[PDB]
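Those protein sequences? They're chains A and B, same order as listed. Using PDB author numbering, the letters of the first sequence correspond one by one to residues 9 to 37, 52 to 236. Using PDB author numbering, the letters of the second sequence correspond one by one to residues 9 to 38, 52 to 235. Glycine included, every Cβ here is placed at the ideal spot set by N, Cα and C.
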Amino acid sequence: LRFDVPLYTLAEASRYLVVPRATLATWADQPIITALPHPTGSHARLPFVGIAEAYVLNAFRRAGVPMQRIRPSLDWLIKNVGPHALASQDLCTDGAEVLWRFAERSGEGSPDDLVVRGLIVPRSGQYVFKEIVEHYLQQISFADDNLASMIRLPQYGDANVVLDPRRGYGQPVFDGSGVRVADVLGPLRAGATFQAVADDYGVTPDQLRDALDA
Amino acid sequence: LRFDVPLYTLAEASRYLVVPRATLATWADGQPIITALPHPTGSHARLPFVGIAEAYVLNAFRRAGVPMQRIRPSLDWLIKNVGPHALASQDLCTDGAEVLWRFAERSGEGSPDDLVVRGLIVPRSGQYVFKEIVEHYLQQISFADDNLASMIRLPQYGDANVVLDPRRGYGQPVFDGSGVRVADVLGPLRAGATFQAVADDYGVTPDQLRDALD
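Have a look at this one:
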């Protein structure tokens, strides 16, 4: 379900990932995320692997990584970790060392070195990803093929809201009940109590407050 | 510290309240429905603390699906009955639903006033009360001697318990528990400090830091 079908418009992905739509447009149009031409009468663009790549790149952006000249680092990562490396199970464990190797040969302070310095730091005599990056990488779950199959959106907190192409058409769902976050909003807006909605939708009141306030 | 000096630009308030900047501009510039002041020379500051409190409450109304374009008469009514700056009043959450109900009764079924008030209140156990989706936000506000808002907890930060408090961090988001600006933990994390090191340095927990980041 993750590669061939565009599941997300850029508008939707901007909301779910908390990244400016214009930024995503730049990434999708050479492109640094997987995007497909929009279907007839639809603005869908990103297959699930593409939103996973966008999610990781946003984590890089949040960390202060310069983004405009990141493509050679991404090419290098793909050449060493494999296709769709940003969405790979091996990124978090192998990526820091791979990137270090790239920046070494790049020249001190070169654009590649600046990308890589944004991502990694020495820890106990070796380079590792900064925890501010790791925190986001840790949210991703992987399929048989070691590529992303689910992403937990930490902005929803203990609601444990995920993007999962197997549920809710890939739109944000409570992992615990498979309900679209969107489907609890109408009832709350209508004036149902948090307890009534939580019971009706298989979550807790605290989880609902967390979803609302994400 | 809450009335006579503008603390917030509309840009800042838009971020802290999670409301479009253009929406705040309409509320501040109009007649205005929030307290705003002419910007100081060389500054874009507009909202004193009471004004951001009123904006916070109006945003809770907006979130609930309340029609906002013709809300001013309901606000006038509320001020006339609950008192000056009623949106920022300690008495809003306890007295406001009944006050608004009385207003909409005389307004005509489905009139603009009735539609505002139906957006806010529901029957509970034989009386009209605020919908819980509104109450959730009203409950975040703390009050001074004068029964007007003195602090607002921003629930989007979750268990970090981040607040707007004009007594600390110039009114910018601070961790209630240490009085540190959320802004001041970001540089150290981006630089590659661990969540543990930052949390210890800034008097919060690693879990609270993750909540703030997200």
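Distance CB(residue i)-CB(residue j) smaller than 9 Å
i, j, result
"A/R188", "A/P194", "no"
"B/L141", "B/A74", "no"
"A/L113", "A/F70", "no"
"B/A181", "B/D232", "yes"
"B/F124", "B/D134", "yes"
"A/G213", "B/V143", "yes"
"B/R84", "B/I154", "yes"
"B/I100", "B/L79", "no"
Backbone CA spacing between residue i and residue j [nearest angstrom]
i, j, result
"A/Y24", "A/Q177", "9 Å"
"B/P59", "B/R67", "6 Å"
"B/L18", "B/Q90", "19 Å"
"A/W35", "B/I162", "40 Å"
"B/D197", "A/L96", "40 Å"
"B/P28", "B/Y77", "12 Å"
"B/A109", "B/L234", "28 Å"
"A/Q148", "A/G63", "51 Å"
"A/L207", "A/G190", "15 Å"
"B/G129", "B/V87", "17 Å"
"B/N102", "B/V120", "7 Å"
"A/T226", "A/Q217", "8 Å"
"B/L159", "B/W98", "19 Å"
"A/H106", "A/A118", "16 Å"
"B/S132", "B/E156", "24 Å"
"A/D186", "A/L175", "11 Å"
"B/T215", "A/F82", "16 Å"
"A/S171", "B/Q111", "48 Å"
"A/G72", "B/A30", "31 Å"
"B/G38", "A/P94", "50 Å"
Cβ of residue i within 9 Å of any chain B Cβ
i, result
"residue 50 of chain A", "Missing from the coordinates is residue 50 of chain A; the shown part of chain A jumps over it, going from 37 to 52."
"A/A30", "no"
"A/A212", "yes"
"A/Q177", "yes"
"A/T62", "no"
"A/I162", "no"
"A/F124", "no"
"A/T115", "no"
"A/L234", "yes"
"A/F82", "no"
"A/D221", "no"
Reduced DSSP secondary structure (H/G/I, E/B, other) of residue i
i, result
"B/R91", "coil"
"B/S128", "helix"
"B/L230", "helix"
"B/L58", "coil"
"A/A66", "strand"
"A/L185", "strand"
"A/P144", "strand"
"A/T215", "coil"
"A/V195", "strand"
"B/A165", "coil"
Environment of residue i [buried if 16+ CB atoms lie within 10 Å]
i, result
"B/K152", "buried"
"B/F11", "exposed"
"A/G192", "buried"
"A/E126", "exposed"
"A/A236", "buried"
"A/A33", "exposed"
"A/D166", "exposed"
"B/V150", "buried"
"B/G200", "exposed"
"B/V183", "buried"
"B/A204", "exposed"
Test: residue i CB closer than 9 Å to a CB of chain A
i, result
"B/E153", "yes"
"residue 39 of chain B", "Any question about the placement of residue 39 of chain B has no answer from these coordinates, since chain B jumps from 38 to 52."
"B/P69", "no"
"B/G38", "no"
"B/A33", "no"
"B/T226", "no"
"B/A85", "yes"
"B/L79", "no"
"B/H65", "no"
"B/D197", "no"
"B/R231", "yes"
"B/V143", "yes"
"B/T17", "no"
Heavy atom of the ligand PLP within 8 Å of residue i beta-carbon
i, result
"A/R174", "Absence of the ligand PLP is noted for the structure shown, with no ligands found whatsoever."
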